[PDB]
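Taking the form deposited in one PDB entry, here's one chain by itself in structure tokens.
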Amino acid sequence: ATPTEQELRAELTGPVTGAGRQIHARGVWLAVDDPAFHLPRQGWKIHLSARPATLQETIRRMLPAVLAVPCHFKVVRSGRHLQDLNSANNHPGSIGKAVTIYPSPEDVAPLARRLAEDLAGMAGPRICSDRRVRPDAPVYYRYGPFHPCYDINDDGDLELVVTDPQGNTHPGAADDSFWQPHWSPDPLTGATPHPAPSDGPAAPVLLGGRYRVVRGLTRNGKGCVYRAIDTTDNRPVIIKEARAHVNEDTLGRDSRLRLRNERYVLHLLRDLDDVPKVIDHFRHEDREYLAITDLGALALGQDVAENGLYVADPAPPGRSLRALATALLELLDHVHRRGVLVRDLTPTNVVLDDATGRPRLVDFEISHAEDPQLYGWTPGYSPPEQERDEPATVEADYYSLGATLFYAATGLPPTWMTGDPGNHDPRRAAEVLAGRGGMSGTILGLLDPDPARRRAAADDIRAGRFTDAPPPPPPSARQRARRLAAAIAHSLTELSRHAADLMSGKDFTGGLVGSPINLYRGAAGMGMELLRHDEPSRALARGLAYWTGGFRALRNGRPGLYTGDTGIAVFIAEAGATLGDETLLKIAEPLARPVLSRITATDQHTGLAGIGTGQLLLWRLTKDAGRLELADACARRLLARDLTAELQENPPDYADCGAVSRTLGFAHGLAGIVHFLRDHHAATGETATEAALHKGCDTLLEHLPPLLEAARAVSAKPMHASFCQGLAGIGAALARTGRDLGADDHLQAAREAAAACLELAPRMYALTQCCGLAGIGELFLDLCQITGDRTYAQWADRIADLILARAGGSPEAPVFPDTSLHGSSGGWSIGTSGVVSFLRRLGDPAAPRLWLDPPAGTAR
């Protein structure tokens, strides 16, 4: 049926006035409120699952029970709304929560049972976040908040929480997992959380079903597909999962039927050796499972990550791009000849052989056999025609092959952003794929928007006549500088937009999302950068400063510099100062003044080190003796326990996803502490801090060479060069300890780190300050400032060329993507604000680096 607001409204407006509970809709809900029922702030709520046609029938079936008691409740706006809400794509844990019912605690226990028996036989998804009453009915229940209350986490972000009897917040958040609280019971059946042993040995119990053992392998949504072992064979198997009524089409085709389409296509491809075999298909209760064969250990995504790029003609044996193209199109030709379209050939759906490393196709979820056609596409890799569910064509497959080869040749996907008309411009891909891989023009033709050109390129491929096309640089700065100017202009307007969206409250919509104030994500960093610009941007900065000052008032917070209050105070004070606004200075005066004996954290991101640096920035701003006093307290409390943290990682193994950062990095490791103690020694010249400075710098140099060799490996990853986590942060710290302590050793270490970063640049995923190109370029032009080499200037220019070549919306309107890749945001560390910071200093190298160098003249 997929009904609209009107049908649901009618069926409601009936009985609703029968008990006189006036109705209204907000966001996505249509809610009715009993006047005799006072809705509490949290408790046990009832979720009814359903789907469109079952939604209309569900409304009708449920009214009898719900109006029999005093309670409040909300209903979904429409079946299109319930379709998005039942799609895995956006929120995986809020699928099936079609109707929510809030009654009084005693009333819950019976009401749930009555609703069950009266909805017995109604069908809908399973709500993973709730317990269920009976397996014949679509009735579930949870403990959670009824009003959207938020408390702040150690990250600085705002989280939905429920409150315990001692007033302590608890993320009542729906984590696709139900947890009952210790204080209240469980209205239908009393219960408790943890077993008799307390802080004693624990052994989690996980096991397979009929005759398959499992091992993870996918995040969320339609189905957690699993790697497995076949006990009656002990062969390795792969198990695809489908959850009933998830991803239900406008024709009533749900994920299970996608799985059946996949089984059917696999049967139609039964005689191909590079396609999975279907072994078994079984359902359990309400979950369908398709058991196919294991076809290699690594996808192309993972393989290009850990085994390097696919390069022109020769290069290492496995890594020949032309070999890859030929094999892929041979296989694709086989599939097409069998009357099947892949529709979704992407680096994650090609598995290379464990021995020969030859491509094999998997995931035929949306593949085409007969002409009903399944909707579905993969951002950036699927052609736009597929975004607009147009008739599948062979040339669609050719396009996605071109994109898969693009990734194999560069290690990142073709830039695609939600809502950007430029998404599929081939010149845009040209700028990133800078002639590399040998064949380039051929793969650019595979991505050409004219389908005939894709056919011609695939012809080139089958013939063996590949096209090797190159890219050109930028006119002796004049046009490069014109491009930078326009980049900054449009980014500024985009920032006005993001700032308005922040202060108007839009993104607060997300349950469990965002930090509106701090430096890392919120207004503080945004406005700090906005200050360095024209009078409109400075007006927006003053606005953001007052906004943050008020928002911070009378709510709980954290003391961090990147997560918390110290950065907020630095921003507000700095804005007051440069604007000449004494009331902003008054507002900042009481802000970042923590206990410090409570803070156990010692890193730049959230504790002591970053707090100390921020307090020194404030002192240099305000000549406030309390601020220097706090910075000195930071150094003093940081020298107490150096030894233990070095030697506390023995059971965790190497891979160093956490270890490289949490031990050495600037954000979380001792590079930032080195940076702070250097700052403090400059400010004061204390004799004790100097010793620790030498100790930490020496240990940094001690451990650096392995990291440098790691970054220069094929196996190397962006993490290695990042400012937050890897080499860029360490280099930025050492560039300054050298200078200030007159150490040649330190500056040389910085130079080597800088160069490793230079080589990792193009492979970097994000463009942002914490995780991407801007942090690198910042180290580069830092070194420029310290050691007028001007070769570092050229390096930074390369970084900027990359950043710009990875923007959307063409040059006149760049818009730079988030850590989310597909959209932009205005945050500083993870978004466009920091990118602007870098692009700004590129023309003002004398200006200090933000949050690392102190305020200065000719730099505002």
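From 1 onward, residues are counted along the sequence shown. In this text, rigid core is short for the largest set of C-alphas that superpose within 1.5 Å between two forms.
Not pictured, yet referred to below: the form deposited in another entry.
- Which listed residue, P359, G79, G96, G672, is the one whose CA shifts 2 angstroms or more between the shown form and the other one with the rigid core aligned? The residue that shifts is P359.
- With both forms fitted on the core, give yes or no for whether the Cα of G380 moves by 2 angstroms or more between the shown form and the other one. It does shift by 2 Å or more.
- Message: With a threshold of 2 Å on the C-alpha, tell me if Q166 counts as moved between the shown form and the other one once the core is superposed.
- Response: Stays below the 2 Å threshold, so no.
- Item | Core superposition between the shown form and the other one, C-alpha change of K695 at least 2 Å | Superposed on the core, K695 moves its C-alpha less than 2 Å between the shown form and the other one.
- Task: Specify closer or farther for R263 and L328: how their Cα atoms are spaced in the other entry versus the shown form, given a shift of 3 angstroms or more.
- Result: Residues separate in the other entry, at least 3 Å farther apart.
- Query: With a C-alpha distance change of 3 Å or more, do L727 and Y310 lie closer or farther in the other entry?
  - Reply: Closer, not farther.
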